[PDB]
Amino acid sequence: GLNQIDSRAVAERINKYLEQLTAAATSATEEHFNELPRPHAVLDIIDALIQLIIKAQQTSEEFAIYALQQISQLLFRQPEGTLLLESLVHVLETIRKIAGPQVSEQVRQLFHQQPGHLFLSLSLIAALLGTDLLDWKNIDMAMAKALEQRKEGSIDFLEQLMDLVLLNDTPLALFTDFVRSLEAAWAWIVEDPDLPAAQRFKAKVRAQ
Ligand code: NA
């Protein structure tokens, strides 16, 4: 409902807030979004972006939709900063709630449309646990391919992922959500038993 010049200004400010957040979260000593005190630069950027989306919602969905595309696109860049990943997942989940369930589902669908290998970052998975955006079939298929390809330390990534989602007393996934990875990993252990991660994993499997 705004003039193309007025709407563009909001888009550029959404991006400047994400540029600012990237900077602020990186520099900041705090490693987690919870341990952030009041006041804090990271929280002040988050505050302004949310207040921008709340004002912009009154005219149209478009701004919240755009902000979510940008945040998602940033997460897919696979940043490793836990403070940044947590801040980004926080802002995303807020804008999904602000924007209603139509837009909130569109975000789930966008995540579930991405090639599994994009999520093959433990720090990214960790950040996204507690959202509906993780697709265990896609993630499973991705690791399965890496293990088949005998990619350096994939058995280690698999063990690590399992301690992260299964071994967690309140689990977010089932051991069966990872059949294909388990098979791929077992096949590699069958071929070359003389591997270090192979011993730890052989035990984890026989344990369950
Ligand atoms: Na930091």
# chains A, B, ... in the order shown; residues from 1 in each chain; ligands from 1
$ residues_around --residues "stretch 102-104 of chain A" --least-positions-apart "3" --cutoff "10 Å" --atoms "only C-alpha atoms" --output "PyMOL selection string"
chain A and resi 61-62+64-65+68+92-99+107-109
$ residues_near_ligand --ligand "ligand 1" --cutoff "10 Å" --atoms "only C-alpha atoms and all ligand atoms" --output "PDB file with C-alpha atoms, in the first residue's frame"
ATOM      1  CA  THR A  22      25.853  -9.935  12.065  1.00  0.00           C
ATOM      2  CA  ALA A  23      28.455  -7.417  13.301  1.00  0.00           C
ATOM      3  CA  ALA A  24      27.114  -7.030  16.903  1.00  0.00           C
ATOM      4  CA  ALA A  25      26.667 -10.786  17.558  1.00  0.00           C
ATOM      5  CA  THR A  26      30.144 -11.519  16.151  1.00  0.00           C
ATOM      6  CA  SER A  27      31.984  -8.861  18.220  1.00  0.00           C
ATOM      7  CA  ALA A  28      29.995  -9.473  21.483  1.00  0.00           C
ATOM      8  CA  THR A  29      31.692 -11.667  24.143  1.00  0.00           C
ATOM      9  CA  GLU A  30      28.412 -13.559  25.009  1.00  0.00           C
ATOM     10  CA  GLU A  31      28.140 -16.915  23.160  1.00  0.00           C
ATOM     11  CA  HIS A  32      24.388 -17.409  23.785  1.00  0.00           C
ATOM     12  CA  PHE A  33      21.264 -15.267  23.282  1.00  0.00           C
ATOM     13  CA  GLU A  80      29.154 -20.823  13.186  1.00  0.00           C
ATOM     14  CA  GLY A  81      28.628 -18.091  15.787  1.00  0.00           C
ATOM     15  CA  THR A  82      26.172 -19.527  18.382  1.00  0.00           C
ATOM     16  CA  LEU A  83      25.179 -15.991  19.478  1.00  0.00           C
ATOM     17  CA  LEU A  84      24.365 -15.044  15.833  1.00  0.00           C
TER      18      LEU A  84
END
$ closest_residue --among "A:36, A:88, A:120, A:190" --to "residue A:49" --atoms "only C-alpha atoms"
A:88
$ closest_residue --among "A:140, A:132, A:156, A:12" --to "residue A:174" --atoms "only C-alpha atoms"
A:140
$ select_by_dssp --residues "chain A" --states "helix (DSSP H, G or I)" --output "PyMOL selection string"
chain A and resi 4-27+41-57+62-75+82-98+100-111+116-119+122-128+136-148+154-165+175-191+196-207
$ residues_around --residues "stretch 157-162 of chain A" --least-positions-apart "6" --cutoff "10 Å" --atoms "only C-alpha atoms" --output "list in words"
residues 120, 121, 122, 123, 125, 126, 140, 143, 144, 147, 168, 171, 173, 174, 175, 178, 181, 182, 185, 197, 198, 200, 201, 204 and 205 of chain A
$ residues_around --residues "residue A:134" --least-positions-apart "4" --cutoff "9 Å" --atoms "only C-alpha atoms" --output "list in words"
residues 108, 111, 112, 119, 125, 128, 129, 138 and 139 of chain A
$ write_last_selection --atoms "C-alpha atoms" --output "short mmCIF file (atom, residue, chain, number, x, y, z; two decimals), in the first residue's frame"
data_model
loop_
_atom_site.label_atom_id
_atom_site.label_comp_id
_atom_site.auth_asym_id
_atom_site.auth_seq_id
_atom_site.Cartn_x
_atom_site.Cartn_y
_atom_site.Cartn_z
CA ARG A 108 8.52 -24.23 7.25
CA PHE A 111 13.23 -24.83 5.03
CA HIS A 112 11.83 -28.28 4.05
CA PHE A 119 21.79 -28.26 7.44
CA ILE A 125 20.88 -27.89 13.82
CA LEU A 128 16.96 -24.84 14.97
CA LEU A 129 16.04 -27.59 17.51
CA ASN A 138 16.50 -34.55 4.04
CA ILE A 139 19.21 -34.29 6.76
#
$ residues_around --residues "residue A:71" --least-positions-apart "3" --cutoff "9 Å" --atoms "only C-alpha atoms" --output "ChimeraX atom specification"
/A:18,66-68,74-76,88-89,91-92
$ write_last_selection --atoms "N, CA and C atoms" --output "mmCIF file, in the first residue's frame"
data_model
loop_
_atom_site.group_PDB
_atom_site.id
_atom_site.type_symbol
_atom_site.label_atom_id
_atom_site.label_comp_id
_atom_site.auth_asym_id
_atom_site.auth_seq_id
_atom_site.Cartn_x
_atom_site.Cartn_y
_atom_site.Cartn_z
ATOM 1 N N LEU A 18 20.053 -6.506 9.756
ATOM 2 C CA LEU A 18 20.677 -7.830 9.656
ATOM 3 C C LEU A 18 22.196 -7.714 9.518
ATOM 4 N N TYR A 66 9.594 -10.676 3.489
ATOM 5 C CA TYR A 66 10.942 -10.325 3.031
ATOM 6 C C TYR A 66 11.994 -10.558 4.108
ATOM 7 N N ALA A 67 11.724 -10.054 5.347
ATOM 8 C CA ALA A 67 12.617 -10.175 6.500
ATOM 9 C C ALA A 67 12.917 -11.648 6.778
ATOM 10 N N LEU A 68 11.873 -12.514 6.711
ATOM 11 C CA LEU A 68 11.983 -13.960 6.897
ATOM 12 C C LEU A 68 12.823 -14.600 5.778
ATOM 13 N N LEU A 74 20.364 -16.109 5.398
ATOM 14 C CA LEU A 74 21.553 -15.925 6.237
ATOM 15 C C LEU A 74 21.897 -17.220 6.968
ATOM 16 N N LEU A 75 20.874 -17.911 7.508
ATOM 17 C CA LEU A 75 21.032 -19.168 8.240
ATOM 18 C C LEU A 75 21.622 -20.236 7.346
ATOM 19 N N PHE A 76 21.206 -20.250 6.053
ATOM 20 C CA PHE A 76 21.683 -21.170 5.012
ATOM 21 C C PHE A 76 23.127 -20.894 4.638
ATOM 22 N N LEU A 88 19.386 -14.960 15.201
ATOM 23 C CA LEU A 88 18.695 -15.116 13.926
ATOM 24 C C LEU A 88 17.464 -16.020 14.059
ATOM 25 N N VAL A 89 17.602 -17.199 14.723
ATOM 26 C CA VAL A 89 16.485 -18.132 14.943
ATOM 27 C C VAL A 89 15.416 -17.456 15.827
ATOM 28 N N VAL A 91 14.777 -14.057 16.028
ATOM 29 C CA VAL A 91 14.110 -13.029 15.239
ATOM 30 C C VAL A 91 13.129 -13.686 14.275
ATOM 31 N N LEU A 92 13.546 -14.794 13.630
ATOM 32 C CA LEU A 92 12.746 -15.559 12.669
ATOM 33 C C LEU A 92 11.466 -16.054 13.315
#
